[PDB]
Amino acid sequence: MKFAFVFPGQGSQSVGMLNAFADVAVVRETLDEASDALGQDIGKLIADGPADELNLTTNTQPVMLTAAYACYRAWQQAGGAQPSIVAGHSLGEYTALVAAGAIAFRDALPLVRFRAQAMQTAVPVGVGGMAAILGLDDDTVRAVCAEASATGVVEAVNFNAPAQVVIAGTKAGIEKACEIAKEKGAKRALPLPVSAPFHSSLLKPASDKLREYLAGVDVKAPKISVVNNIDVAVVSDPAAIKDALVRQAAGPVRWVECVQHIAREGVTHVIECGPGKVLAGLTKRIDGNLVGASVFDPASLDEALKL
């Protein structure tokens, strides 16, 4: 049977999340490689935090790439087969590209640090943010945003599961969209503790910086199919992969569609590779015939080896 690996992004991290892998030689070597690339002790940052350091986005993005990739390398060290198709959620798309051999891990490290810096400084402080809307289908959330937009730009920017949508834009747009969403019967419509309007058109300046940065990155044709967040496309051309990463930052993460794409390829097993269990839960919601597992410690890895 064919399987997919999906890789998590920001928001899946926690202090101590790799403790259970502390004595797996490849996890140690991956944390060493990350520290060498970034100039700080990534192992201890993850193990000890504090959470306020671990949650700075300039740390969170390389931390989540490292932790999830560590988990991929442990899967291999254990003799796990290559998945037939991969994807990842926002930052996680980078990890997927690394697993697929498109971007060397050593290159991916300063790339995602830079991406974090770019995305955090694209718009002036306090201009915008993000919110989570629960209970409304995608087209209703789009209608909510189109209506709210008279008060400021606001867009539906993460399609995560049925009835689970994140929006992003101006502070005013986000507030009005929550209010409208509630009126239309949303189970929940609440601002997220995020300081920048990620995956909105307001983030175009981040895309522009990413384009300049990726110009100098050696991207290779993947050895595993990667389905991208922005277009739900599987592309092999290095230039196209780069462009999908550029547009990704200021465009919608079509996560539901990526999972459905994977399913239409005849994959029935979808394994979340990395900590936090976020993607595991979304797979269940997107398509209950899919069979989930997760690799985040040695025990879960062995159960995933079975599936």
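For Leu301, indicate whether it is surrounded by fewer than 17 Cβ atoms within 10 Å (Cβ to Cβ), in the same structural domain as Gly80 (by CATH) and either within 15 Å of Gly9 (Cβ to Cβ) or aliphatic (A, V, I, L, M) (or both).
Values: surrounded by fewer than 17 Cβ atoms within 10 Å (Cβ to Cβ): no; in the same structural domain as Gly80 (by CATH): yes; either within 15 Å of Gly9 (Cβ to Cβ) or aliphatic (A, V, I, L, M) (or both): yes.
Taking the combined requirement at face value, the residue does not satisfy it.
Out of all the residues in the stretch 213-234, which are within 16 Å of the chain's Cα centre (by Cα) and either of a type in the set (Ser, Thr, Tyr) or assigned to a strand (DSSP E or B) (or both)?
The answer is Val226, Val227.
Kindly check whether there is at least one residue in the stretch 28-37 that is in contact (Cβ under 8 Å) with a residue 60 or more places away in the chain and either in contact with a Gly (Cβ under 7 Å, 6 or more places away or on another chain) or surrounded by 24 or more Cβ atoms within 10 Å (Cβ to Cβ) (or both).
Yes, there is a match, as at least one residue in the stretch 28-37 is in contact (Cβ under 8 Å) with a residue 60 or more places away in the chain and either in contact with a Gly (Cβ under 7 Å, 6 or more places away or on another chain) or surrounded by 24 or more Cβ atoms within 10 Å (Cβ to Cβ) (or both).
Hey, could you check the stretch 82-115 for residues that are among the small types (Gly, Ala, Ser), in contact with a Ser or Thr (Cβ under 8 Å, 6 or more places away or on another chain) and crowded, with 21+ Cβ neighbours inside 10 Å and say which is farthest from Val154 (Cα to Cα)?
Restricting to residues being among the small types (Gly, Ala, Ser), in contact with a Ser or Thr (Cβ under 8 Å, 6 or more places away or on another chain) and crowded, with 21+ Cβ neighbours inside 10 Å, the top hit is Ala100.
Just to check your reading of the model, which residue among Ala186, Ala148, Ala143, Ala177 is small (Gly, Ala, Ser), more than 16 Å from the chain's Cα centre (by Cα), assigned to a loop (DSSP other than H, G, I, E, B) and outside the structural domain of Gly88 (by CATH)?
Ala186
Just the residues that are farther than 30 Å from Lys223 by Cβ and small (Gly, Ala, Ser), please, taken from the stretch 103-138.
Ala122, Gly126, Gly128, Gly129, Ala131, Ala132, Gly135
Starting from residues that are in contact with a helix residue (DSSP H, G or I) (Cβ under 9 Å, 6 or more places away or on another chain) and among the basic types (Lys, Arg), keep the ones in the stretch 203-220 and report whichever is surrounded by the most Cβ atoms within 10 Å (Cβ to Cβ).
Within the stretch 203-220, the match that is surrounded by the most Cβ atoms within 10 Å (Cβ to Cβ) is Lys209.
Yes/no per residue for (1) closer than 29 Å to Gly129 by Cβ; (2) in contact with a strand residue (DSSP E or B) (Cβ under 9 Å, 6 or more places away or on another chain); (3) hydroxyl-bearing (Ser, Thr, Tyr); (4) surrounded by fewer than 23 Cβ atoms within 10 Å (Cβ to Cβ):
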site: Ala163; (1), (2), (3), (4): yes, yes, no, yes
site: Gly173; (1), (2), (3), (4): yes, yes, no, no
site: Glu179; (1), (2), (3), (4): yes, yes, no, yes
site: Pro222; (1), (2), (3), (4): no, yes, no, yes
site: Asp231; (1), (2), (3), (4): yes, no, no, yes
site: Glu265; (1), (2), (3), (4): no, yes, no, yes
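Determine, yes or no, whether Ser200 is surrounded by fewer than 18 Cβ atoms within 10 Å (Cβ to Cβ) and among the hydroxyl-bearing types (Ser, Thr, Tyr). Full working, then the answer.
Working: surrounded by fewer than 18 Cβ atoms within 10 Å (Cβ to Cβ): no; among the hydroxyl-bearing types (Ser, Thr, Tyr): yes.
Spelling it out, it is not the case that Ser200 is surrounded by fewer than 18 Cβ atoms within 10 Å (Cβ to Cβ) and among the hydroxyl-bearing types (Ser, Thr, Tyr).
Examine the stretch 278-299 for a residue that is of a type in the set (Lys, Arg), within 17 Å of the chain's Cα centre (by Cα) and under 20 Å from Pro162 (Cα atoms), and state whether such a residue exists.
Taking every residue of the stretch 278-299 in turn, none turns out to be of a type in the set (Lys, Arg), within 17 Å of the chain's Cα centre (by Cα) and under 20 Å from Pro162 (Cα atoms).
Select from the stretch 119-129 the residues that are surrounded by fewer than 22 Cβ atoms within 10 Å (Cβ to Cβ) and within 18 Å of the chain's Cα centre (by Cα) and list them in ascending order.
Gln120
In the stretch 275-307, what residues are part of a loop (DSSP other than H, G, I, E, B) and either acidic (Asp, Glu) or in contact (Cβ under 8 Å) with a residue 12 or more places away in the chain (or both)?
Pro275, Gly276, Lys277, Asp287, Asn289, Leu290, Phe296, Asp297, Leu307
Filtering the stretch 244-270 down to residues that are small (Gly, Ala, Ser) and either in a helix (DSSP H, G or I) or not assigned by CATH to the domain that holds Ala87 (or both), which residue is farthest from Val86 (Cα to Cα)?
Ranking the qualifying residues of the stretch 244-270, first place goes to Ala244.
Numbers and lists here come from the model and the stated rules, or from a named source; these are not laboratory values. All Cβ positions, even for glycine, are placed from backbone atoms using ideal geometry, and neighbour counts span all protein chains on display.
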